[PDB]
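# Reading the structure
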Amino acid sequence: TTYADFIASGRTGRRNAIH
Amino acid sequence: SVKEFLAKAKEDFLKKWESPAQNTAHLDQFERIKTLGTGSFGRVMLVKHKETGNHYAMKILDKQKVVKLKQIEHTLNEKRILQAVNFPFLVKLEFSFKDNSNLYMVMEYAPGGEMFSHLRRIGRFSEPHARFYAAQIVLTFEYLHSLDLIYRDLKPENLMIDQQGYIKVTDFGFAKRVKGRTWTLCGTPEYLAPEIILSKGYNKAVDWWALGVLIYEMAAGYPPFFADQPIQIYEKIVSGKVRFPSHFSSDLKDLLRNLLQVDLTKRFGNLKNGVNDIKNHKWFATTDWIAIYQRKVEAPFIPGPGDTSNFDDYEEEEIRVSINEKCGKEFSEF
Ligand SMILES: Cc1ccc(C[C@H](N)CNc2nnc(-c3ccc4[nH]ncc4c3)s2)cc1
């Protein structure tokens, strides 16, 4: 499932601005 | 009229931009109660005023770290913008001061916590719930953009929820005053507009793209473009291919297709009619814009004082103040 793919991506926690 | 509203907003903004207050308080007036967040950006703590007993969210920045990370300009600019703007959904700066080692921005505390945690905990927000938040962002951007301010960092992580369940936008370190184009590569991966990623001169329309990303995530529970790392995320973003959960309404999908539009000549919020194309869109047909601004809409969800039950836990670390002043000239205007 798309949701499953999201989890698998591993970026489910708070995201930082790029630097 | 709304136009007339924006009119006065600009005057008050220009007025306050010239005049920024310095050291309106001191650290000894506050009792630290809990670290609400920490990271590269620094850390925000819940503090209690020793005289009134009122609570605030204090952002602490290590001066040597800010220099090291080359965020002097951004740091001074956030303070400056914060004290100069005034809108119901923009957090307020109430006190600011600095000592030998740190810089402090004491702002309104949002008891409800981070929209991010509630979104992850609940899974996804119903369309009406998503619409209630979205409406607030639309009005906030309408306001900011009228002042030629581009936010540039929209995401659940920066949206706090207050005691009435309404949103308080935080973190203006990337916001910039710009009339036309600007070129700095900045923001958060999942929320970057294609033009930003493509290193092109972009405009305030990147905030509208971001709004689309926000609504999608709120409603789906995950962002429209994801991958293991930024590089791969950028590939998907520029390709512009988006797929919507089957539970997404026809109206919501239409709105998103117009928000997550690579073609800047077609992206909503960037056309001749401006924010009106968004406000008048089918998905917002039932939205009472005036009532939202006036905070007369009962929030769909509403997470004593000093309570931090809505924030995550972080190990409490010392607030070290050095004996020698550090980076005095760099932050003289703070
Ligand atoms: C807890 C938290 C919230 C957001 C983040 C992500 C953010 N990009 C980091 N920078 C920030 N700047 N001002 C912030 C701020 C201002 C007034 C407030 N009142 N109540 C809470 C709160 C937070 S936070 C991290 C931790």
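Residues numbered from 1 in each chain as written, not as in the entry; some residues may be left out. Chains lettered and ligands numbered in written order. Heavy atoms only, no water. Residues with missing side-chain atoms left out of burial classes, pairs and counts.

The name recorded for chain B in the PDB entry is cAMP-dependent protein kinase catalytic subunit alpha, from Homo sapiens.

This brings us to the packing of aromatic side chains. Think of a pair of aromatic rings as described by two things: how far the centres are apart, and how the planes are tilted against each other in angle. Residues and elements named next belong to chain B. Summed over the entire model, instances satisfying the criterion amount to 29 aromatic pairs over all chains. Feature note: the residues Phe 5, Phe 87, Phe 89, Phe 125, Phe 132, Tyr 133, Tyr 143, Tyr 166 and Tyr 293 constitute an aromatic cluster, connected by ring pairs. The side chain of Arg 177 reaches across the aromatic face of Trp 17, ending 4.8 Å from its centre. Positioned above the aromatic ring of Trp 289, the side-chain terminus of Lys 279 is 5.6 Å from the ring centre. (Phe/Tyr/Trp six-rings, centres within 6.5 Å; stacked < 30°, edge-to-face > 60°. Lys NZ or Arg CZ within 6 Å of the ring centre and 35° of its normal.)

The next subject is the sheet that holds strand β4 (residues 93–98) of chain B. Residue and element names in this part refer to chain B. Spatially, β1-β2-β3-β5-β4 is the arrangement adopted by the five strands of the open sheet, whose pairing is antiparallel. The sheet is open, and its two edges are formed by β1 (30–39) and β4, each paired on a single side. Neighbour-to-neighbour, the strand axes of this sheet turn through a mean angle of 25°, independent of strand direction. In this sheet, strand β5 (residues 102–107) lies alongside strand β3 (residues 55–62) in antiparallel orientation, the contact comprising six bridges. Residue pairing across strands places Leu 61 opposite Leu 103, the latter belonging to β5. Lying over the sheet, helix α3 (residues 72–84) contacts β3, β4 and β5, oriented at roughly 25° with respect to β5. (Pairing = 2+ DSSP bridges. Helix = DSSP H or I, 4+ residues; strand = E, 2+ residues; numbered from the N terminus. Axes fitted to C-alpha atoms, helices over the stretch in contact; angles between N-to-C directions. Contact = heavy atoms within 4.5 Å.)

Before going further, it helps to examine the interface of chain A and chain B. In this complex, chain A contributes 14 residues to the contact, which on the side of chain B involves 29 residues. Between chain A and chain B, a total of about 1,700 Å² is buried, with carbon and sulfur atoms accounting for 54% of that surface. If you sort the residues of chain A by the area they bury against chain B, A:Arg14, A:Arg15 and A:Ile18 come out on top, with a joint share of 46%. Summed over the shared surface of chain A and chain B, the number is five salt bridges. Of the charged contacts, one joins A:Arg15 and B:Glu217 as a salt bridge, the two residues approaching to 3.0 Å between their closest N and O atoms. For the pair chain A and chain B, the number of links is nine residue pairs in polar contact. (Buried area = accessible area lost by both parts, 1.4 Å probe. Salt bridge = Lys/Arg side-chain N within 4 Å of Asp/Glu carboxyl O. Polar contact = N/O pair within 3.5 Å; in protein donor to acceptor, adjacent residues only side chain to side chain.)

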